[PDB]
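The form deposited in one PDB entry is given below as one chain in structure tokens.
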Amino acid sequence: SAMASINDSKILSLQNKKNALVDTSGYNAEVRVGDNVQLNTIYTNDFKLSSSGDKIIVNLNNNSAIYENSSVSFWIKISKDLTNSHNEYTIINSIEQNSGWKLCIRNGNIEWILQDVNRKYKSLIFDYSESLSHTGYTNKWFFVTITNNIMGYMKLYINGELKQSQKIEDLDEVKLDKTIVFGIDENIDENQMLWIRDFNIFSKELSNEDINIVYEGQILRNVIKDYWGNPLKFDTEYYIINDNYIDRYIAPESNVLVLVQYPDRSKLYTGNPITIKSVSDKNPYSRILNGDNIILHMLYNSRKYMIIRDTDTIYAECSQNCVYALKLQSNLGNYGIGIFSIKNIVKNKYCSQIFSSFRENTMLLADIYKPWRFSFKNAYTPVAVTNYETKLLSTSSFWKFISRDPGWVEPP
């Protein structure tokens, strides 16, 4: 079992147990967590570095210099205001004297550095920002993996994909720091913060296959994700967008839902917040899982409506290639016509597909239609279509849920 071989090689694993961050690898590293450091806010094993002063100090146990291969893996999510800074910040520091490793952020890039006793160093750089493209990873969870073969290469993977390699075999002795410090020493502002979760070190060089198993394991494949890669939750406001129309928000026009172009593509939090309600009554704010039944409530001009499927097809009972537009109802309640189900889809994720099984099996997608009974006007229209097997991989069927998140602040 690869996954057992993987886990057996862990020599540090920071995980939250009884509300403390501790090493659960079996090796008993000392973990000193700053009083103000927030733990377990999004993911069980996460921590927030939200300030200078916020620090976590790890002191590794007795098992001078690097003697063996190794890998380091964690997820990271870096706020917009931190990503947009042109400065450089050390985030994780494990250099003593002048040798060891460190992870830095600089101008929208993450950078891993390995430095020998003469201060010769090699770096791995990844531009996670892509100039703040709502297409990049600004404020989105992504999975980092560094692997080291001391008689070979140091490699940087992102979400299981190799991004850069550098020979390290030609460095002189790299002394190994028994201390690892998480935290930003620089003088950061209020909106500059980042989160890390599932930080692990392995005593071997993980293979790309091994890396993909860790990635798939820690992404939580049965948990639906919001736009940032956080778990999607009930009773939480989201701006829901279609993958094909990312600068359009959902809105009712004459009680037909359509997609309206953002007046300003740079502002994410635009439109009518939709709250997801559990059919089965779960604890408030509980995570939404793959396959859950859900009900969608829109806040529109300060009143709550339930989103429901149209009773009749769009060019109108129907069996063959039916297309239904959507609408709003002010009566909240468990109505089959307003029950949907939500499923994960997998490289490009953090998006979801939505289905309804009321009377006919449909999938929600967006395209151009004439959704008004008394008009031939076109509109980008979210619709529930039958016979959707050939559309199961169409981006028109992918939906994202943008939550107001602390790592992405928009002027008031």
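In this text, the rigid core denotes the largest set of C-alpha atoms whose superposition between the two forms falls within 1.5 Å. The first residue of the sequence shown is number 1, and the count goes up from there.
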Considering only other entries where residues before and after it are modelled, is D235 without coordinates in at least a third?
no
Does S319 go missing in at least one third of the other entries compared here?
yes
How much of the deposited sequence is absent from the coordinates between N63 and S64: none, 1 to 3, 4 to 9, or 10 or more residues?
1 to 3
If you count the residues of the deposited sequence that sit between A316 and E317 but have no coordinates, do you get none, 1 to 3, 4 to 9, or 10 or more?
4 to 9
Higher of the two mean Cα B-factors (111-119, 270-278; per PDB record) comes from 111-119
Ranked by mean Cα B-factor in the entry, 369-377 and 22-30, top stretch is 369-377
Per the deposited entry, the peak Cα B-factor within the set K80, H86, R221, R197 goes to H86
Maximum C-alpha temperature factor per the entry, among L171, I307, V258, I213, belongs to which one?
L171
Sort the modelled residues of this chain by their C-alpha B factor and say whether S396 lands in the lowest, middle or highest third.
middle
Quick check on the deposited entry: does the C-alpha B-factor of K102 sit in the lowest, middle or highest third of its chain?
middle
Where the record places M193 (Cα B-factor, split into thirds across the chain)
lowest
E96, C-alpha B-factor rank within chain (lowest, middle or highest third)
highest
On the chain's distribution of Cα B-factors, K155 falls within the third called lowest
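Keep in mind the form deposited in another entry is missing from the figure; the text below concerns it.
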Can you tell which of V117, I213, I158, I337 moves its Cα by 2 Å or more between this form and the one not shown, with the two forms laid on the rigid core?
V117
So, does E169 move by 2 Å or more at the CA between this form and the one not shown, with the core held fixed?
yes
